[PDB]
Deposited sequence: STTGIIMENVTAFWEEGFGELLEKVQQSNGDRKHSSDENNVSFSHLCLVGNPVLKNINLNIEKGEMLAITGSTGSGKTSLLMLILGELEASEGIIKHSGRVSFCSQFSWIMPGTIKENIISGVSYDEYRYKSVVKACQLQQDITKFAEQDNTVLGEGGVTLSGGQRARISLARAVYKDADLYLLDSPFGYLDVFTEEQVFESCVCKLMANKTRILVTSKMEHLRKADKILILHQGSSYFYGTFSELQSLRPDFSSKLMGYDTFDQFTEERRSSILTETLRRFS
C-alpha cells in the first residue's frame, strides 16, 4: 500500500508524552505542534528515509501513522496492516524463534528467509541450541545489536502492507548493520512500502524518498538527488566526511542536529 500526507499538523495531546517515553502538560496546554505542515507521497514498494536533528519528531510521525497521535489538520492516507519496529528493542520470554514469530503463523521458508536477511545466522550459530535458545524478558545478556536484529526480524516477519522501522541501525557492530540494511531493508523488502528512521547517509542515498525533520518541521522532502542541489549547504557538509556512517549513533545525530540548526 502507498502512503500520502497532505499538509498535516499534529498537536500534543495528553498521554501521548507518556507513550513516547515507552513538561508534556505545558506543551498540551499551549497547543504546541509536535509536527507541522508535513507532506509526503510514498508509492507502493518505495522506501522512505526519515532523518533530522535529535528530537525532531521522527518517532512521532510514526505514531501518527500508527494512529496513536491524531492529525489536527491535513489529510493522511494509507491502508492495510502496518508493522512497527520501535527504537526500543523488546524481547518477550521465550526462544529466539518464538520471539521472531510471536503471534504469526509459522512458514519455514518465510522464517529462514527473514533470519538470514537480518544477519541472525551469525548470532544463533554461537549458541548450543541456536534459535531455540531461551531468552529472558528484555534479553539482557544479548548485545544491543543482537536485540535490535531480533526485534527487527519480528517486525519484518509480520506480513503487512507498510513497515515502520524506527532507528534499528544505531549500535557498535556497524559492519553487521551495513549488511542488514542491504540484505533485509534493500533486498528482501524491496517491494514492501517501508519507512526507515535513520542517521546514516547511505540510507538516504539508497532511498526512494527522503524526509529531513527539524523542530517538528519539514526541513526537506524529495529525492537524494534533489537534496544535493536544493540543499547544497547541508549536502556538502554531510557528504564531506569520509566515513560518516561509521561514526557512533550519537555523533551522527550530533553532526546532523548542528548542521540543521546552522542552515536554517
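Chemist: What gaps appear when the modelled C-alpha atoms are mapped onto the deposited sequence?
Modeler: Absent from the structure are positions 1-2, 25-41.
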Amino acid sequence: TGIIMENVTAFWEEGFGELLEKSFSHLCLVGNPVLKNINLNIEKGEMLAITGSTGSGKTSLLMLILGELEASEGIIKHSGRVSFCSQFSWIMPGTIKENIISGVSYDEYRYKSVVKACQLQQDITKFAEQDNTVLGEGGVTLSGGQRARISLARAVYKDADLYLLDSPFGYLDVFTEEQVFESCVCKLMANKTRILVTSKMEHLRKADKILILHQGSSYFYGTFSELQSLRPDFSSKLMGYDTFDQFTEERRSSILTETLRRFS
From here on, numbers count along this sequence of modelled residues.
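Chemist: Comparing average C-alpha B factors as deposited, tell me which of 234-242 and 207-215 sits higher.
Modeler: The stretch with the larger mean CA B-factor is 234-242.
Chemist: For the stretches 39-47 and 25-33, which has the higher mean C-alpha B-factor as given in the deposited record?
Modeler: Of 25-33 and 39-47, the stretch with the higher C-alpha B-factor average is 25-33.
Chemist: Would you mind checking which of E98, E137, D166, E178 has the top Cα temperature factor in the PDB entry?
Modeler: Across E98, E137, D166, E178, the entry lists the biggest C-alpha B-factor for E137.
Chemist: When you compare the CA B-factors of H78, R147, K158, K112 as listed in the entry, which one comes out on top?
Modeler: Result of the comparison over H78, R147, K158, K112: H78.
Chemist: Within this chain, which third does the Cα B-factor at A10 fall in: lowest, middle or highest?
Modeler: Highest third.
Chemist: Of the three thirds of its chain by CA temperature factor, lowest, middle or highest, which one includes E182?
Modeler: Its C-alpha B-factor, which the entry lists for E182, ranks in the middle third among residues of this chain.
Chemist: Split the chain's modelled residues into thirds by Cα B-factor; is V104 in the lowest, middle or highest one?
Modeler: Within its chain, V104 is a highest-third residue by C-alpha B-factor, going by the deposited values.
Chemist: Can you tell me whether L64 has a C-alpha B-factor in the lowest, middle or highest third compared with the other modelled residues of the same chain?
Modeler: For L64, whose C-alpha B-factor we compare with every modelled residue in the chain, the answer is the middle third.
Chemist: Ranked by Cα temperature factor within the chain, is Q130 in the lowest third, the middle third or the highest third?
Modeler: Its C-alpha B-factor, which the entry lists for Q130, ranks in the middle third among residues of this chain.
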